[PDB]
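Asks: Output the structure for:
(5 chains, ligands or ions: 4)
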Amino acid sequence: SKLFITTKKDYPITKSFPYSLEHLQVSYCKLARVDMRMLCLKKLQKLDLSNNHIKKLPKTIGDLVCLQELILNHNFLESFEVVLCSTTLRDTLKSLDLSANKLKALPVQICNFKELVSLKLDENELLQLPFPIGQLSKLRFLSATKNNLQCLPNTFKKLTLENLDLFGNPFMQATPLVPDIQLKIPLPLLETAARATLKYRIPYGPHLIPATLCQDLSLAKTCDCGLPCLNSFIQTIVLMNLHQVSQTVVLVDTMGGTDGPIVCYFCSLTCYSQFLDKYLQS
Amino acid sequence: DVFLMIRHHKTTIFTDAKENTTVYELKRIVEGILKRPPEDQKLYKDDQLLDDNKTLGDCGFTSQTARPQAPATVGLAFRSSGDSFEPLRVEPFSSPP
Amino acid sequence: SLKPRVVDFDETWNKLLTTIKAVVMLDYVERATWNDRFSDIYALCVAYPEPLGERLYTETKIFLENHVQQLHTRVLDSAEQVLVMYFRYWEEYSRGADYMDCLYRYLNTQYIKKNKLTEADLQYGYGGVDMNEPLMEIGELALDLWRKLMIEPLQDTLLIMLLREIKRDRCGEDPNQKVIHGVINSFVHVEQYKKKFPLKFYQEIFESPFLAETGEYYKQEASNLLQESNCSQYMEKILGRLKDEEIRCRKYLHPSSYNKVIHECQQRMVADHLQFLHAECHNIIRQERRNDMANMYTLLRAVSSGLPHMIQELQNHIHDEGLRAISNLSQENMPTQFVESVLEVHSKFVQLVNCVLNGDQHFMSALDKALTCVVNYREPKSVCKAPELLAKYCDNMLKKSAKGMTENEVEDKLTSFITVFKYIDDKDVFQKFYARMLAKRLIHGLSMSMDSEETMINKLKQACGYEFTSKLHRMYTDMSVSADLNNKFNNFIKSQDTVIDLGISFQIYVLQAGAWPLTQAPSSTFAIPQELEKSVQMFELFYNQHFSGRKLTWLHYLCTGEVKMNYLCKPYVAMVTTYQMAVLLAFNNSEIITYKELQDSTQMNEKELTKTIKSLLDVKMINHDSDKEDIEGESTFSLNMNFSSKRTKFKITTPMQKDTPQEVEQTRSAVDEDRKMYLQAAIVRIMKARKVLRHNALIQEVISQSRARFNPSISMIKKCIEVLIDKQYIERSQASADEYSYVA
Amino acid sequence: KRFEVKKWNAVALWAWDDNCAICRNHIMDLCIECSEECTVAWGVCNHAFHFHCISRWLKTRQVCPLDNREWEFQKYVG
Amino acid sequence: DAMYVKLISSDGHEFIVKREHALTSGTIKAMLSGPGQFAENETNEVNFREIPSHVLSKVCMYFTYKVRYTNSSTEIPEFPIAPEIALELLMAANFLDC
Ligand SMILES: [Zn+2]
Ligand SMILES: [Zn+2]
Ligand SMILES: [Zn+2]
Ligand SMILES: [Zn+2]
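Replies: Numbering: from 1, shown residues only, chains lettered A, B, ... in the order given. Ligands and ions are numbered 1, 2, ... in the order given. The coordinates are given below.
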């Protein structure tokens, strides 16, 4: 049911693995690329390829049907392939660890991976977490330590977690009183139709809306007042307590301080003054 | 200030007018756009004929009613051969799903 | 209808390619077809499940590559016309590229600008994130493929053509401006989509080779010009060439190179031969060479080292001209001739600088230095005589001898004089000499009007501050109050309880001591004539009652009066001095009076008494009873029985003459003493400022702070140093003999 | 006697009531440091000095250098 | 019509709107600034053959709303979009870039 490969000699160069296995682990091997053969196996639940020389992940999953916990930490991955995100892997994944990897920007399509319950991205070079991380409502374990997370994304407040390891990152100082005015009045229509489409919960899809827009609306921002705004927003890097997001928070050299940056978006300039009044009173 | 959507047959003209604007100004605008003499046509408002002398203020073209974001409909009807004018055959805007 | 729909690539792309070929190679096309192509491009860009954005991009790039290759081959096939044909196809293709950018607006905006996403910019994925052969805008891509496939394969061919025509322009021929300019700015135009260094391609293709070729051509031109002609028309031709070259640079090149070219054009025929020009400008400025001087200035102001040699040469010329002008003055009129010669030199050279050398500040500084050296020109083993000359000039202009001379030209000459006076290094000597001569003018009343001295004091105050002439002004104020006190005295004459008759038309001048340059004769013990003691005593009590804690001294070498002779057959008005008045008062008592009686009566000493007697006998008012040719102690005198004078209303007072030489050395000794005190005070001031300062710093500070009035010799500065040291105000530093410290 | 004088243009010089031993300047003249408040001071030792000079001298030395005797301000003339 | 731009939709409706109102959408700006060398006979017909007329009406009304309520400090109200018409306008806004 279980097997482990820890050296080049123990790794079958030509012959394939048996089928009685349930868990597969490959560690400390000079695998330049993930083999085509290992993608043809039937019942892999947990797949580990720790400490290898893998640069590019396979384009498409060959035949895997469960692939519950895929672990690829301590690897040489640069960026996930876009086509790999769109396969059936989202329907059954449970975990994904990319610790100690040269990954620099998680692709946004990882929002479609709704089935994760534990994510690990430690010791990476992640500029910021994927913006629609709110879509991962089932996620429970998140770790991106030793990264450069200048600002967590807006949807981060949606997730409910148990622990959150994030100490060791450059946290930009909050600037609630200094906005970055990207808003334009009159709201060009596309922000206005767009604000409308989402307001009316008009089911749409790429077969009905031209594809590029179909991307923009999928990840359209949500202002604090409760209405979407595809563009023409006010961005404020505001610190919020992270105990609401996760039950337990771990930080470094800070006792009693758990604040974290969040890029709050604002639909309209008049809507910003309400938040300023709220912050001044609080 | 009010904005007007003149609807003649298969045509629609967007104009700007004030509550004190005279109807002859609208008639001259239509003259310029459609290169036809002004006295031919008569503007309309829901089958209620509108005359030249009186201005739009007494019609009902208030700011709260005819906004730029949703102009009020004003009919139009040109001149046939002689002294006969066509009725208000205003083509409605196609049905959205 | 607007909808994501399946689209066959070939059916739309045939019409799209037809329109694109129509627009890139500008020909007739319908507006409706343009609208339909917008619709077709939108339909291709978005579809389901097969987007055609990538395929459309690749196919339009391939078509652009093929078109640029076809144009390149067509241009290569026709030689000796590469420039004209290249420019024609260039303008056609560039406008076509703009038209594609407009027509592919959706492609550029929502396909290309969404794949070029490098970092985690809120949009990772959703496009061709894996970027090899990076995507570029169609308007940008067309020009990029134009430079890659039409410019570079032709680079070496273009320049050899371009440099052939531009050089042909410089040889007197007239190539067409439009084609050359278009080809040249094509290199800038192509890289117009580059964020960094848009001109880098232009610089590397047609700036550095062009700069080098210009350098070589103008080096050869300068060599030919030097070999064929002399200096003057060499500057003429260089100026003509530089003007024509700026014209050509604006005519052909990019504006950003406008400076660079001329930098390589003047440095090859001016800076490479500034030795030739500098070795000839000396003969230019020292002669009537106006246009040559202007051309020299224009040439040498461009290069770095052109100016200072000309500046120094002009300073030398001005200094020599001033020395030659002020060394040939006639003995009669040293002051006015000196001032007018200095003003003539100054005016001529200021006109030269403002009319030929554009009034450059450096040339003004050179003029000022040269005239400063000329003004303070002192003969060997002699002291500077300029301050004396200026004081004499001012006095003469303020003297009554200038008959029929109004005051407006007085002001004109008097404000011209300030230009010369500003060049005086030793202003203290002039100040003291003018103080003495102005005091003489005021006492003797030989001025135009008092507004003239208004102007003098005001001008000198403007030139050297208020403290420079403050004492003078104080002296001036005495005048302004003296008459008042006189009138005030008259009031007291009408205010005394016991009215008395003075028997004299008493007039006085009340002068403040110290501020006036008048020296009292030590212990003259002159006996006042019996008449004047009343006036003296009432004036003293007047002054004591109106001024408290003040004493008044009566100087008798300037007080004068009048004696009238009526009772004899010869009525004569005689303006007389105090001593002479006392002498005549004595002689009126007895017909024959001996010298011992003069001592008994006048009580004033032998030297001044015999001077008065000599003055009296000079105009022959009294007779000598002794045949001795010398006035001894036994001489006896009598009044003249037979006296006459053509001037009936005459004066026996000695006229005020120039200051005797003895007087000028006492004045200079006083000036030197004042200089020593001023340097002492300045040294004390600086020591208070620092309390620690290097001796050289003391020297620099004192020379800087004292040059406004006089230029002290450094030797006098040393003597001031040990004078202060002996006063126990400062100490010589134990660790450093050249350092001073405060212990006072 | 019968002969008299009809005019007399006198000239007079007025000053205070000669060279300082401190500032080496004329007593009636202005001192080195000075500005119109520089009056003069007469002491018991029959010495007249500038007010500023004697004031700055007495700040450390309380004796008159001329006679090596303590200086006492007899009066001030201003 | 060199000052009044005329837009012909799929149904044949001719919506005549101010040219400065039409230039709000950059696509139309390119549409008019296409081939060039226009005769300037006061005839600007831009056949939007592939968009419905009932949505081109809202597009023109938005053009007027945007040009009128730009550079204004008044309380600008939300442009009304019917639920049955939002998408056609969105895709149309996409094709119009406005
Ligand atoms: Zn809001
Ligand atoms: Zn003082
Ligand atoms: Zn004493
Ligand atoms: Zn003193």
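Asks: Just give me the neighbour total for the closest residue to residue A:89 other than its chain neighbours.
Replies: Spatial nearest neighbour of residue A:89, excluding adjacent residues (CB to CB, 6 or more residues apart in numbering or on different chains): residue A:61 at 5.5 Å. For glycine as for every other residue, the C-beta is placed from the backbone atoms N, C-alpha and C. By the measure other CB atoms under 10 Å in any protein chain shown, the count of residues near residue A:61 is 16.
Asks: OK, contacts around residue A:61?
Replies: When contacts are counted by CB atoms under 8 Å, 6 or more residues apart in numbering or on different chains, residue A:61 touches A:39, A:67, A:84, A:87, A:88, A:89.
Asks: Buried ones only from these, please, as a PyMOL command.
Replies: Applying 16 or more other CB atoms under 10 Å in any protein chain shown to these, the buried members can be selected in PyMOL as follows:
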select buried, chain A and resi 67+84+87+89
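Asks: Relative to ligand 3, which of the contacts of residue A:61 is nearest.
Replies: When the contacts of residue A:61 are ranked by distance to ligand 3 (CB to the ion), residue A:84 comes first, at 110.2 Å.
Asks: Could you say which helix or strand holds the closest one?
Replies: helix A:82-85 (DSSP states H and E).
Asks: Next, report how far that helix is displaced from the centre of its chain.
Replies: 14 Å (CA atoms, centre = their mean, to the nearest Å).
Asks: Quick one: check that helix for contact with chain C.
Replies: Yes - for helix A:82-85 and chain C, the contact criterion (CB under 8 Å from any CB of the partner chain) is met by A:82, A:85.
Asks: name the helices or strands packed onto that helix?
Replies: Of the remaining helices and strands, none touches helix A:82-85 by 3 or more CB pairs under 8 Å, 6 or more residues apart in numbering or on different chains; DSSP states H and E.
Asks: can you tell me the helix or strand for residue C:296?
Replies: Residue C:296 is part of helix C:290-302, with elements assigned from DSSP H and E.
Asks: Tell me which residues of that helix come out buried.
Replies: Those would be C:292, C:293, C:294, C:295, C:296, C:297, C:298, C:299, C:300, C:302, for helix C:290-302 by 16+ other CB under 10 Å.
Asks: among the contacts of residue A:61, which two are most distant?
Replies: The span of the contacts of residue A:61, defined through CB to CB, is set by A:39 and A:88 at 12.9 Å.
Asks: For the closest residue to chain A within chain D, grab the count of nearby residues.
Replies: Using CB to the nearest CB, the closest approach of chain D to chain A is made by residue D:35 at 56.7 Å. For residue D:35, the neighbour count with other CB under 10 Å is 8.
Asks: before we move on, what about residue A:47?
Replies: When counting by other CB under 10 Å, one arrives at 21 neighbours for residue A:47.
Asks: Surely it and residue A:69 touch.
Replies: Yes - Residue A:47 is in contact with residue A:69 according to CB atoms under 8 Å; the separation is 7.3 Å.
Asks: which neighbours do the two share?
Replies: Counting by CB under 8 Å, 6+ apart, nothing touches both residue A:47 and residue A:69.
Asks: Chain neighbours aside, what residue packs nearest to the residue most central in space within chain D?
Replies: The residue lying closest to the centre of chain D (CA atoms, centre = their mean) is residue D:27, at 3.6 Å. Excluding the flanking residues, the one nearest residue D:27 by CB to CB, 6+ apart is residue D:48, at 5.3 Å.
Asks: who does that neighbour bridge with?
Replies: Using DSSP bridges, the beta-bridge partners of residue D:48 come out as residue D:42.
Asks: neighbours around it, how many?
Replies: Neighbours of residue D:48 (other CB under 10 Å): 18.
Asks: Which single residue of chain E ends up nearest ligand 1?
Replies: Taking CB to the ion, chain E has residue E:78 as its residue nearest ligand 1, at 12.2 Å.
Asks: List every C-alpha atom in the longest helix seen in chain E, with coordinates, as CSV.
Replies: Using DSSP state H, we find that the single longest helix of chain E is helix E:53-68. Taking C-alpha atoms only, helix E:53-68 is exported to CSV below (Å, rounded to 0.1, in the frame of the first residue of the first chain):
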residue,chain,number,x,y,z
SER,E,53,-30.2,48.9,-31.9
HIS,E,54,-31.8,48.7,-28.4
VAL,E,55,-28.3,48.6,-26.9
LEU,E,56,-26.8,51.2,-29.2
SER,E,57,-29.6,53.5,-27.8
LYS,E,58,-28.2,53.0,-24.3
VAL,E,59,-24.7,53.4,-25.6
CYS,E,60,-25.5,56.8,-27.0
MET,E,61,-27.5,57.8,-23.9
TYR,E,62,-24.4,56.9,-21.9
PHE,E,63,-22.2,59.0,-24.2
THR,E,64,-24.4,62.0,-23.4
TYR,E,65,-24.4,61.1,-19.7
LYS,E,66,-20.7,60.9,-19.6
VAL,E,67,-19.9,64.0,-21.5
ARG,E,68,-22.5,66.0,-19.5
